[PDB]
Amino acid sequence: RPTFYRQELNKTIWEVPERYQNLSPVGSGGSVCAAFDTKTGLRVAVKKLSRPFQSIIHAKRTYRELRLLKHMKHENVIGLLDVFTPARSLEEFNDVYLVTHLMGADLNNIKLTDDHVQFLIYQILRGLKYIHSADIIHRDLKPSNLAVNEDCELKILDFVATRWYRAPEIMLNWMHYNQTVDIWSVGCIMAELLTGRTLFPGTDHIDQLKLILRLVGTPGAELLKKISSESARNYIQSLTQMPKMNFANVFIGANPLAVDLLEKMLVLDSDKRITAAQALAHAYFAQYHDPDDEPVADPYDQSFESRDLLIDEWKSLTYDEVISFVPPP
Ligand SMILES: O=C(NCc1ccccc1C(F)(F)F)c1cc(-c2ccncc2)nn(-c2ccc(F)cc2)c1=O
Ligand SMILES: Fc1ccc(-c2c[nH]nc2-c2ccnc(F)c2)cc1
């Protein structure tokens with residue numbers, strides 16, 4: 001065990017190892033401080049989880065979160081530098097702190113040149129290929145979930161309405177949506193980077209879908225055959241039929257290859273959207289694409305998601321993950 005020190009930071013105590021110095025509050029959801037990591041010489045972000053073990057739900061969320069962050073090992077996905085607790089045993093274990101690279105800013109704080117959009121969208125797809133290869137769905141892709149440093153290097157995390165980037169099938173509350181909902185979000189972000197405007201700034205879920213169908217058109221026959229819900233079908237079929245808009249007209253002035261890729265990402269029927277791996281080979285990324293440097297992820301065991309355990313059990317599991325953590329090289 002290293003040596004800890006305690007300080008108060010905005011009605012919130014912090015007990016961190018001496019390796020982390022000069023803590024400076026940085027914003028809240030858990031609470032986060034900037035620090036300097038004396039072991040590496042790097043600026044780090046330290047998140048203290050709040051009430052990680054208050055309820056079975058929080059406890060399982062805490063475990064979720066730590067297992068996920070321990071597994072993500074890719075240049076365009078947030079990685080875990082360190083995890084620690086000031087607790088000396090399972091008995092006294094109550095607090096969890098996560099350490100990551102301090103990221104410059106988000107995508108939210110930044111119309112962009114076509115080459116900038118190429119590189120940023122490339123990095124998102126490259127990270128998402130990786131995430132999707134472990135059978136994870138991000139589900140919350142939006143500019144504020146993308147950290148971008150001054151070199152335009154990009155990492156996906158999960159800390160402007162979320163709903164504006166959500167796939168129309170989620171708006172429709174389809175129970176079996178899949179990983180292509182993330183590709184939808186990337187299409188919405190890409191559009192926003194090209195035009196400087198939110199593509200679908202819906203005020204709620206009804207308005208969200210309405211704006212979506214305005215661009216992409218009402219469901220064709222092939223898609224309507226896949227809808228099980230009678231109510232959803234009455235809704236859909238009762239709408240004034242709209243054709244898919246011409247994306248060339250709508251995005252006139254934008255690189256035709258960016259237009260082509262948007263067409264491939266924002267297809268209404270999710271079975272027809274381009275995957276992340278396919279999008280990487282798209283001609284729009286010829287500057288960047290390297291098929292031998294787009295790794296997939298180690299197998300990821302998410303079987304714990306189906307399990308119903310006591311709070312102390314999820315707490316014990318989390319402690320095990322804390323203790324087993326091996327820092328990155
Ligand atoms: O907290 C989170 N990030 C920020 C973070 C972390 C550590 C150290 C300092 C910070 C600071 F300082 F940047 F916030 C985070 C949490 C959860 C999560 C997951 C499941 N349940 C609950 C929460 N997931 N992702 C995530 C990662 C990759 C991905 F593809 C999708 C999401 C996160 O980045
Ligand atoms: F108005 C609509 C109708 C269908 C969608 C949709 C897009 N991709 N997949 C679906 C879908 C598939 C199976 N069942 C559902 F309920 C939805 C989105 C909005």
# chains A, B, ... in the order shown; residues from 1 in each chain; ligands from 1
>>> select_by_dssp(residues="stretch 93-263 of chain A", states="helix (DSSP H, G or I)", output="VMD selection string")
chain A and resid 114 to 133 143 to 145 162 to 165 168 to 171 180 to 195 205 to 216 221 to 224 230 to 237 247 to 250 256 to 263
>>> select_by_dssp(residues="stretch 72-242 of chain A", states="strand (DSSP E or B)", output="PyMOL selection string")
chain A and resi 77+82-84+97-101+105-106+146-148+154-156
>>> closest_residue(among="A:1, A:6, A:214, A:126", to="ligand 2", atoms="only C-alpha atoms and all ligand atoms")
A:214
>>> residues_near_ligand(ligand="ligand 1", cutoff="6 Å", atoms="only C-alpha atoms and all ligand atoms", output="ChimeraX atom specification")
/A:32,45-47,61,64-65,69,77-78,98-100,138,156-159
>>> residues_near_ligand(ligand="ligand 2", cutoff="6 Å", atoms="only C-alpha atoms and all ligand atoms", output="PyMOL selection string")
chain A and resi 168-169+172+174+219+226-227+236+268-270
>>> closest_residue(among="A:13, A:110, A:44, A:80", to="residue A:196", atoms="only C-alpha atoms")
A:110
>>> closest_residue(among="A:203, A:85, A:76, A:240", to="residue A:218", atoms="only C-alpha atoms")
A:240
>>> closest_residue(among="A:190, A:74, A:180, A:53", to="residue A:93", atoms="only C-alpha atoms")
A:53
>>> closest_residue(among="A:145, A:94, A:40, A:195", to="residue A:81", atoms="only C-alpha atoms")
A:40
>>> closest_residue(among="A:82, A:288, A:256, A:246", to="residue A:329", atoms="only C-alpha atoms")
A:82
